[PDB]
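**Student:** work.cif is reproduced in full below (mmCIF, C-alpha atoms).
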data_final
loop_
_atom_site.label_atom_id
_atom_site.label_comp_id
_atom_site.auth_asym_id
_atom_site.auth_seq_id
_atom_site.Cartn_x
_atom_site.Cartn_y
_atom_site.Cartn_z
CA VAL X 1 100.80 13.90 116.47
CA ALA X 2 100.19 10.12 117.01
CA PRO X 3 96.50 9.65 116.17
CA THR X 4 93.59 8.83 118.46
CA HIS X 5 89.81 8.28 118.19
CA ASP X 6 89.52 4.67 116.95
CA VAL X 7 93.18 3.89 116.52
CA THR X 8 93.62 2.22 119.92
CA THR X 9 91.27 0.45 122.30
CA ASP X 10 89.19 2.25 124.89
CA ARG X 11 88.08 -0.96 126.42
CA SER X 12 90.56 -3.29 128.25
CA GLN X 13 91.51 -5.96 125.80
CA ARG X 14 94.23 -7.90 127.56
CA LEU X 15 97.56 -7.15 125.91
CA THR X 16 98.78 -10.75 126.04
CA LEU X 17 97.23 -13.73 127.78
CA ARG X 18 98.31 -17.24 128.72
CA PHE X 19 96.30 -20.01 127.13
CA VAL X 20 95.90 -23.16 129.20
CA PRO X 21 96.36 -26.69 127.78
CA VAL X 22 93.90 -29.57 127.88
CA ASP X 23 94.05 -33.18 126.58
CA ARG X 24 97.77 -33.91 126.51
CA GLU X 25 99.00 -37.50 126.35
CA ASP X 26 102.24 -39.32 125.74
CA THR X 27 104.09 -41.86 123.68
CA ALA X 28 107.59 -43.20 124.37
CA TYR X 29 108.99 -40.77 121.76
CA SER X 30 106.22 -38.28 120.97
CA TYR X 31 103.96 -35.85 122.82
CA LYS X 32 100.60 -34.20 122.05
CA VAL X 33 99.09 -30.91 123.22
CA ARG X 34 95.88 -29.03 122.49
CA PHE X 35 94.78 -25.43 122.86
CA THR X 36 91.67 -23.39 122.09
CA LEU X 37 92.95 -20.04 120.85
CA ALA X 38 89.81 -18.05 121.53
CA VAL X 39 90.40 -14.81 119.72
CA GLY X 40 86.93 -13.33 120.01
CA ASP X 41 84.69 -10.28 119.73
CA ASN X 42 86.28 -7.22 118.09
CA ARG X 43 89.97 -8.15 118.17
CA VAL X 44 92.48 -9.71 115.80
CA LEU X 45 95.45 -12.02 116.18
CA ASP X 46 98.59 -11.88 114.07
CA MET X 47 99.93 -15.41 114.78
CA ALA X 48 103.58 -14.51 114.19
CA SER X 49 103.88 -13.37 117.79
CA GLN L 1 108.60 38.73 85.81
CA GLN L 2 105.94 39.78 88.29
CA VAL L 3 103.73 42.85 87.99
CA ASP L 4 103.16 43.77 91.65
CA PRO L 5 105.67 43.85 94.53
CA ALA L 6 103.17 43.43 97.38
CA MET L 7 102.21 39.99 96.08
CA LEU L 8 105.82 38.93 96.64
CA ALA L 9 105.55 40.48 100.10
CA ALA L 10 102.44 38.31 100.49
CA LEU L 11 104.52 35.37 99.22
CA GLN L 12 107.50 35.85 101.55
CA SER L 13 105.67 36.60 104.81
CA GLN L 14 102.40 34.66 104.77
CA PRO L 15 101.91 31.04 105.89
CA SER L 16 101.48 28.73 102.90
CA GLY L 17 99.13 26.48 104.83
CA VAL L 18 95.75 27.94 105.69
CA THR L 19 95.69 29.47 109.18
CA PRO L 20 92.83 31.24 111.00
CA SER L 21 95.17 33.95 112.29
CA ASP L 22 95.31 35.63 108.87
CA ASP L 23 92.90 33.88 106.47
CA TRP L 24 89.91 33.10 108.67
CA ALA L 25 87.42 32.78 105.80
CA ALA L 26 89.35 29.81 104.38
CA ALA L 27 90.18 28.18 107.72
CA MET L 28 86.55 28.25 108.89
CA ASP L 29 85.61 27.09 105.37
CA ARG L 30 87.00 23.61 106.14
CA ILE L 31 86.14 23.24 109.84
CA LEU L 32 82.39 23.12 109.19
CA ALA L 33 83.04 20.54 106.39
CA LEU L 34 81.75 22.64 103.48
CA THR L 35 84.26 22.43 100.63
CA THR L 36 84.04 21.18 97.05
CA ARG L 37 87.31 19.24 96.82
CA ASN L 38 87.85 16.81 99.75
CA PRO L 39 85.00 17.86 102.10
CA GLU L 40 85.37 15.20 104.81
CA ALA L 41 88.92 16.02 105.83
CA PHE L 42 88.66 17.72 109.24
CA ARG L 43 86.88 15.09 111.36
CA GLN L 44 89.66 12.62 110.64
CA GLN L 45 92.32 14.83 112.11
CA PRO L 46 92.87 13.97 115.80
CA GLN L 47 92.65 16.19 118.88
CA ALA L 48 96.11 17.60 118.11
CA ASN L 49 95.23 19.51 114.94
CA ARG L 50 91.56 20.07 115.65
CA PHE L 51 91.87 22.15 118.82
CA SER L 52 94.92 23.90 117.39
CA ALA L 53 92.66 25.21 114.63
CA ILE L 54 89.09 25.11 115.96
CA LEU L 55 89.96 27.29 118.96
CA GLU L 56 91.89 29.82 116.87
CA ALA L 57 89.07 30.23 114.33
CA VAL L 58 86.09 31.09 116.54
CA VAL L 59 88.33 33.67 118.23
CA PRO L 60 91.20 34.86 116.03
CA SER L 61 94.63 35.94 117.09
CA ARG L 62 95.76 39.56 116.88
CA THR L 63 99.02 39.65 114.93
CA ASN L 64 101.13 42.62 113.80
CA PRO L 65 101.47 43.49 110.08
CA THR L 66 104.39 45.87 110.74
CA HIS L 67 106.90 43.30 109.50
CA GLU L 68 104.76 42.60 106.43
CA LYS L 69 103.81 46.10 105.27
CA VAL L 70 107.47 47.10 105.00
CA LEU L 71 108.26 44.24 102.60
CA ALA L 72 105.57 45.69 100.36
CA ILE L 73 107.65 48.89 100.36
CA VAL L 74 111.22 47.53 100.43
CA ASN L 75 110.37 45.28 97.49
CA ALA L 76 108.66 48.17 95.66
CA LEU L 77 111.87 50.22 95.96
CA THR L 78 114.18 47.46 94.71
CA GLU L 79 111.92 46.61 91.76
CA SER L 80 112.54 50.12 90.42
CA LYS L 81 116.31 49.86 91.18
CA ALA L 82 116.26 52.63 93.79
CA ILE L 83 118.22 50.33 96.10
CA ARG L 84 120.86 47.78 95.19
CA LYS L 85 119.71 44.19 95.55
CA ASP L 86 122.75 43.51 97.79
CA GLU L 87 121.35 46.08 100.22
CA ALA L 88 117.67 45.37 100.97
CA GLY L 89 118.63 43.28 103.98
CA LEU L 90 120.01 46.48 105.52
CA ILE L 91 117.16 48.86 104.76
CA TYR L 92 114.52 46.44 106.06
CA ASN L 93 116.86 46.16 109.04
CA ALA L 94 116.60 49.97 109.21
CA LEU L 95 112.98 50.66 108.24
CA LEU L 96 111.69 48.16 110.78
CA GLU L 97 113.78 49.95 113.39
CA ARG L 98 112.37 53.24 112.11
CA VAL L 99 108.64 52.46 112.15
CA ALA L 100 108.95 50.76 115.54
CA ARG L 101 110.77 53.77 116.98
CA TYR L 102 108.22 56.40 115.89
CA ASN L 103 105.22 54.08 115.80
CA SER L 104 101.68 55.37 116.22
CA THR L 105 98.17 54.87 114.93
CA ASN L 106 99.18 57.23 112.12
CA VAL L 107 102.30 55.51 110.74
CA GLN L 108 100.60 52.10 110.70
CA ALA L 109 97.94 53.78 108.55
CA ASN L 110 100.50 55.84 106.62
CA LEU L 111 102.44 52.80 105.44
CA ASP L 112 99.11 51.31 104.34
CA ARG L 113 98.47 54.32 102.12
CA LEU L 114 101.93 53.79 100.64
CA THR L 115 101.39 50.09 99.88
CA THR L 116 98.55 51.12 97.53
CA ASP L 117 100.16 53.75 95.30
CA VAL L 118 103.05 51.35 94.67
CA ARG L 119 100.29 49.10 93.31
CA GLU L 120 97.77 51.26 91.42
CA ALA L 121 99.63 54.57 91.07
CA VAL L 122 102.83 52.84 89.93
CA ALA L 123 100.93 52.44 86.66
CA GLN L 124 103.04 55.36 85.44
CA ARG L 125 105.91 52.86 85.35
CA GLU L 126 103.67 50.71 83.16
CA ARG L 127 102.85 53.90 81.21
CA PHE L 128 106.23 55.25 80.11
CA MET L 129 107.52 51.87 79.14
CA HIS L 130 104.99 52.29 76.30
CA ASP L 131 105.14 56.05 75.62
CA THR L 132 108.91 55.90 76.47
CA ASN L 133 109.33 59.54 77.52
CA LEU L 134 112.05 58.22 79.82
CA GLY L 135 114.46 59.34 77.12
CA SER L 136 112.59 59.64 73.88
CA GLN L 137 109.93 62.36 73.99
CA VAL L 138 110.97 64.94 76.59
CA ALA L 139 114.65 64.32 75.87
CA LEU L 140 114.05 64.95 72.16
CA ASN L 141 111.73 67.93 72.68
CA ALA L 142 114.85 69.69 73.90
CA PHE L 143 116.48 68.76 70.59
CA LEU L 144 113.59 70.15 68.58
CA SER L 145 113.91 73.30 70.70
CA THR L 146 117.54 73.50 69.55
CA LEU L 147 117.38 73.22 65.75
CA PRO L 148 116.68 76.41 63.77
CA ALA L 149 113.25 76.45 62.16
CA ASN L 150 114.36 78.87 59.41
CA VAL L 151 115.75 76.72 56.59
CA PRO L 152 116.15 78.63 53.28
CA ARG L 153 115.55 75.81 50.78
CA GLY L 154 112.81 73.34 51.62
CA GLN L 155 110.87 74.96 54.45
CA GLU L 156 108.07 72.36 54.43
CA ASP L 157 109.98 69.06 54.19
CA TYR L 158 112.23 70.09 57.09
CA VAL L 159 109.30 70.06 59.53
CA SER L 160 107.95 66.82 58.05
CA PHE L 161 111.22 64.95 58.52
CA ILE L 162 111.37 65.71 62.24
CA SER L 163 107.62 65.08 62.35
CA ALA L 164 108.54 61.59 61.15
CA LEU L 165 111.46 61.43 63.61
CA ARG L 166 109.33 62.11 66.69
CA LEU L 167 107.16 59.20 65.51
CA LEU L 168 110.30 57.02 65.34
CA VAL L 169 111.16 57.42 69.02
CA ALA L 170 107.47 57.05 69.95
CA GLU L 171 106.52 53.79 68.20
CA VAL L 172 109.67 52.09 69.56
CA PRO L 173 109.87 51.48 73.33
CA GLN L 174 113.56 50.51 73.28
CA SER L 175 115.01 53.54 71.48
CA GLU L 176 116.05 56.61 73.46
CA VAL L 177 117.96 59.88 73.11
CA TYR L 178 120.15 61.57 75.70
CA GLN L 179 122.54 64.39 76.60
CA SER L 180 126.17 63.25 76.67
CA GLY L 181 128.57 66.14 76.25
CA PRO L 182 127.56 69.20 74.21
CA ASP L 183 125.66 67.06 71.66
CA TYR L 184 122.67 64.72 71.56
CA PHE L 185 122.74 61.09 70.38
CA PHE L 186 120.17 58.45 69.43
CA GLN L 187 120.54 54.69 69.78
CA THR L 188 118.04 52.35 68.17
CA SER L 189 118.21 49.87 71.07
CA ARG L 190 119.47 49.51 74.59
CA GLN L 191 122.48 47.18 74.48
CA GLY L 192 122.45 48.38 70.92
CA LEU L 193 124.60 49.49 68.02
CA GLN L 194 123.97 52.17 65.35
CA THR L 195 124.39 55.27 67.50
CA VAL L 196 123.78 58.27 65.28
CA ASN L 197 125.52 61.55 66.05
CA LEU L 198 122.26 63.47 65.97
CA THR L 199 123.82 66.92 66.29
CA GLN L 200 126.40 66.19 63.58
CA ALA L 201 123.64 64.86 61.29
CA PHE L 202 121.16 67.75 61.20
CA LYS L 203 124.10 70.14 60.86
CA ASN L 204 125.09 68.10 57.81
CA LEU L 205 121.50 68.13 56.56
CA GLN L 206 121.25 71.90 57.08
CA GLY L 207 121.71 73.65 53.75
CA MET L 208 120.76 70.43 51.95
CA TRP L 209 116.94 70.14 52.01
CA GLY L 210 116.54 71.74 48.58
CA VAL L 211 118.85 70.46 45.85
CA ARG L 212 116.63 68.99 43.09
CA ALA L 213 119.47 66.69 42.06
CA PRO L 214 119.49 64.64 38.84
CA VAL L 215 119.42 60.84 38.74
CA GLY L 216 122.92 60.46 37.28
CA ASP L 217 124.98 61.27 40.38
CA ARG L 218 126.04 58.65 42.94
CA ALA L 219 129.65 59.08 44.15
CA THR L 220 129.60 62.80 44.98
CA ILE L 221 128.30 62.67 48.57
CA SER L 222 131.53 61.35 50.05
CA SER L 223 132.42 65.04 50.45
CA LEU L 224 128.78 66.12 50.96
CA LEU L 225 127.09 63.55 53.22
CA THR L 226 128.40 61.66 56.26
CA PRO L 227 127.81 57.91 56.77
CA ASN L 228 125.94 58.40 60.06
CA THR L 229 123.62 60.81 58.26
CA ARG L 230 123.48 58.01 55.69
CA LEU L 231 122.60 55.73 58.63
CA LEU L 232 120.13 58.14 60.24
CA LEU L 233 118.29 58.15 56.92
CA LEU L 234 118.38 54.35 57.14
CA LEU L 235 116.73 54.48 60.58
CA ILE L 236 114.06 56.92 59.33
CA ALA L 237 113.32 54.80 56.23
CA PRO L 238 110.65 52.31 57.50
CA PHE L 239 108.62 55.07 59.21
CA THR L 240 108.57 57.33 56.12
CA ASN L 241 105.75 56.95 53.61
CA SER L 242 105.86 58.17 50.01
CA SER L 243 104.20 61.53 50.84
CA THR L 244 106.93 62.97 53.09
CA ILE L 245 109.60 63.98 50.55
CA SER L 246 107.90 63.34 47.25
CA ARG L 247 110.04 62.45 44.23
CA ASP L 248 112.71 64.87 43.12
CA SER L 249 114.71 66.09 46.10
CA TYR L 250 118.05 64.37 46.66
CA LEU L 251 116.49 62.82 49.76
CA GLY L 252 114.03 61.29 47.29
CA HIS L 253 117.13 59.71 45.76
CA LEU L 254 118.07 58.59 49.30
CA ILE L 255 115.02 57.87 51.49
CA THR L 256 113.01 56.14 48.76
CA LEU L 257 116.04 54.11 47.64
CA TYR L 258 116.82 53.12 51.24
CA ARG L 259 113.31 51.67 51.53
CA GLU L 260 114.00 49.63 48.39
CA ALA L 261 117.26 48.42 49.95
CA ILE L 262 115.34 47.38 53.06
CA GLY L 263 112.71 46.03 50.64
CA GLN L 264 115.33 43.70 49.17
CA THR L 265 116.37 42.11 52.46
CA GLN L 266 112.86 41.74 53.92
CA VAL L 267 112.07 39.22 51.17
CA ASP L 268 115.58 37.83 50.55
CA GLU L 269 115.82 36.75 54.20
CA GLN L 270 112.88 34.47 53.41
CA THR L 271 114.93 33.27 50.43
CA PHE L 272 117.92 32.78 52.75
CA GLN L 273 115.75 30.75 55.14
CA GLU L 274 114.93 28.40 52.24
CA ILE L 275 118.53 27.84 51.12
CA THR L 276 119.94 27.05 54.57
CA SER L 277 117.17 24.47 55.15
CA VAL L 278 117.64 22.61 51.84
CA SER L 279 121.34 21.99 52.43
CA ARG L 280 120.40 19.33 54.99
CA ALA L 281 117.38 18.19 52.95
CA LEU L 282 119.52 16.82 50.11
CA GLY L 283 122.95 16.68 51.78
CA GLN L 284 125.36 19.57 51.30
CA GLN L 285 128.69 20.66 52.75
CA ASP L 286 127.80 23.11 55.52
CA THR L 287 131.09 24.97 55.01
CA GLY L 288 130.10 25.54 51.38
CA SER L 289 126.47 26.20 52.32
CA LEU L 290 127.08 29.91 52.98
CA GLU L 291 129.90 31.05 50.64
CA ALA L 292 127.93 30.73 47.40
CA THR L 293 124.67 31.55 49.19
CA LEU L 294 125.65 35.08 50.21
CA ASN L 295 127.23 35.88 46.83
CA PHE L 296 123.89 35.25 45.12
CA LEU L 297 122.16 37.62 47.58
CA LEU L 298 124.62 40.53 47.86
CA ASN K 1 90.04 8.22 103.29
CA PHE K 2 90.95 6.54 106.62
CA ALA K 3 92.95 9.62 107.60
CA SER K 4 92.17 9.15 111.31
CA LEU K 5 94.44 6.10 111.54
CA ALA K 6 97.75 7.16 110.06
CA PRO K 7 100.36 8.73 112.35
CA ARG K 8 100.36 12.21 110.88
CA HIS K 9 103.60 14.05 110.28
CA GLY K 10 101.98 17.41 110.87
CA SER K 11 98.74 17.97 109.00
CA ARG K 12 99.49 15.55 106.16
CA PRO K 13 99.02 11.89 107.16
CA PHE K 14 101.92 9.52 106.58
CA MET K 15 100.69 7.38 103.69
CA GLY K 16 103.20 4.77 102.62
CA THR K 17 104.45 3.57 99.25
CA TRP K 18 102.63 1.10 97.03
CA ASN K 19 105.02 -1.82 97.61
CA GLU K 20 103.92 -1.87 101.27
CA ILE K 21 100.79 -3.90 100.50
CA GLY K 22 102.11 -7.23 99.17
CA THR K 23 105.25 -9.37 99.09
CA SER K 24 107.12 -11.53 96.58
CA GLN K 25 109.75 -13.27 98.71
CA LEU K 26 110.54 -16.56 96.97
CA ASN K 27 113.88 -18.32 96.71
CA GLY K 28 115.44 -16.34 93.88
CA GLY K 29 112.79 -13.77 92.99
#
Could I get this file's structure written as structure tokens?

**Tutor:**
Amino acid sequence: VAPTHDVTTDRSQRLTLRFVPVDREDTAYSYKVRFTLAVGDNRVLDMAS
Amino acid sequence: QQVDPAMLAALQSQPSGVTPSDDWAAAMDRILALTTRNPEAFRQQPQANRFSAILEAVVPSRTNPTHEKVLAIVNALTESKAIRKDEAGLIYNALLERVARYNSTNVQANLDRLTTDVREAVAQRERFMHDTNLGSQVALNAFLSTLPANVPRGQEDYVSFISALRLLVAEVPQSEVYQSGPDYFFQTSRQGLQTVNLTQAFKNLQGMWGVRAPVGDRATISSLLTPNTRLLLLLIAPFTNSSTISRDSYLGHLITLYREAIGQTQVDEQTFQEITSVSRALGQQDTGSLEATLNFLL
Amino acid sequence: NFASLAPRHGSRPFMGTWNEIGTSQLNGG
């Protein structure tokens, strides 16, 4: 019967979303990146995916 | 093992889970969330199994008990062995064709009268398992309307022996008498031994009720008694007090002495229970735990 | 009870076993 009523969202959380980078800079062998993973406001993140 | 057959009809044709189509008072009991054990259990079912119960409870369905009332009859006929058990799948395949052929308002109310007297007027079947006039009272009241009541010697002890024999087949639910051939018999148990030839016993006891025999005569009755008469007097011994045949008839040499012979074994069996339990308490050969044990008791 | 979350097989909710809450996966355990 696949339950409803506060199993799934009613409310348009985006199913997956592309983060954007900022403050990347180089070395002759290495490479840095940075991200702000803004999981926010009545949602979770599982971090394996 | 069961008492009633319609409960098994209510066990083989009712839904085990609570449904509002048949048990509304228990299905509405849990929709409104008013229950002792696990009250809050109907909100947390989703829209699948709410509307499939909450619609069917405020307006019930209208089912047909025709298939259920006949199992309260077809079971009630096979409990009393009227039908073979290998056969009830045919008669319910024929009764359901019957009561749907000639169906009416009447027959649906006439089966319902018949699923009540196989419940509360089948108490006769509970009755003559106790009074056992299946084959013990009305099958022996033909035997007491067969024997001659005019005995020359011992007119009074003749009608006290059979007064103690009617009590024998009454206080025992298993024993029964019957008509097989031109003579009546009496077995002390179903699936049982010790069949007495009841016609060939009272004919042996006729002309015997007054002897006044002495107490120095044992091995004469091989040509006078018969061992089944000697066994019928064994089966009348525990239900015969000391006031039936008093002291000095030859049955007083038999019926009183048979109670002493039963009186030996009803305390020596307790002795025999002690001996067979002390052979493993000290350590004894179990082959030689019965040879010398019986010789001390016989 | 949290019965409004489990995917119900019929009326009874599908409640898992008791080893489905932790893990003990080490090298040789």

**Student:** Could you list, as a ChimeraX atom specification, every residue within 7 Å of segment 8-22 of chain K, counting all atoms listed in the file and ignoring same-chain residues fewer than 3 positions away?

**Tutor:** /X:1-2 /K:3

**Student:** Enumerate as a PyMOL selection string the residues belonging to chain X that approach chain K to within 9 Å, with all atoms listed in the file taken into account.

**Tutor:** chain X and resi 1-7

**Student:** Please report the interatomic distance between atom CA of residue 274 of chain L and atom CA of residue 192 of chain L in Å with one decimal.

**Tutor:** 28.4 Å

**Student:** Using all atoms listed in the file, which of L:167, L:33, L:74, L:201 sits nearest residue 184 of chain L?

**Tutor:**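 The closest residue to residue 184 of chain L is L:201.
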
**Student:** Pull out every residue that the PyMOL selection byres ((chain L) within 8 of (chain X)) matches in the shown coordinates and put them as a list in words.

**Tutor:**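 On the file shown, the PyMOL selection byres ((chain L) within 8 of (chain X)) covers residues 45, 46, 47 and 48 of chain L.
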
**Student:** Go ahead and save the picked residues with C-alpha atoms, as an mmCIF file, keeping the file's coordinate frame.

**Tutor:**
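Result went into result13.cif, see below:
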data_model
loop_
_atom_site.group_PDB
_atom_site.id
_atom_site.type_symbol
_atom_site.label_atom_id
_atom_site.label_comp_id
_atom_site.auth_asym_id
_atom_site.auth_seq_id
_atom_site.Cartn_x
_atom_site.Cartn_y
_atom_site.Cartn_z
ATOM 1 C CA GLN L 45 92.320 14.830 112.110
ATOM 2 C CA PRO L 46 92.870 13.970 115.800
ATOM 3 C CA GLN L 47 92.650 16.190 118.880
ATOM 4 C CA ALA L 48 96.110 17.600 118.110
#

**Student:** Give me the residues near residue 183 of chain L as a ChimeraX atom specification, where near means some atom within 10 Å (using all atoms listed in the file) and where sequence neighbours in that chain fewer than 3 positions away do not count.

**Tutor:** /L:143,178-180,197-200

**Student:** Using Å and a single decimal, report how far atom CA of residue 140 of chain L sits from atom CA of residue 181 of chain L.

**Tutor:**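 Result for atom CA of residue 181 of chain L versus atom CA of residue 140 of chain L: 15.1 Å, one decimal.
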
**Student:** Distance limit 12 Å, atoms considered: only C-alpha atoms. Which chain L residues sit that close to chain K? Return them as a PyMOL selection string.

**Tutor:** chain L and resi 17-19+38-50+52-53

**Student:** I'd like the residues picked by the PyMOL selection byres ((chain L and resi 152) around 12) written out as a ChimeraX atom specification, using the chain letters and numbers from the file.

**Tutor:** /L:148-151,153-158,206-211

**Student:** What's around residue 38 of chain X at 12 Å? Count all atoms listed in the file, leave out sequence neighbours fewer than 5 positions away in its own chain, and write the answer as a PyMOL selection string.

**Tutor:** chain X and resi 17-20+43-45

**Student:** Quote the spacing between atom CA of residue 238 of chain L and atom CA of residue 177 of chain L in Å to one decimal place.

**Tutor:**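 These two atoms are separated by 18.8 Å.
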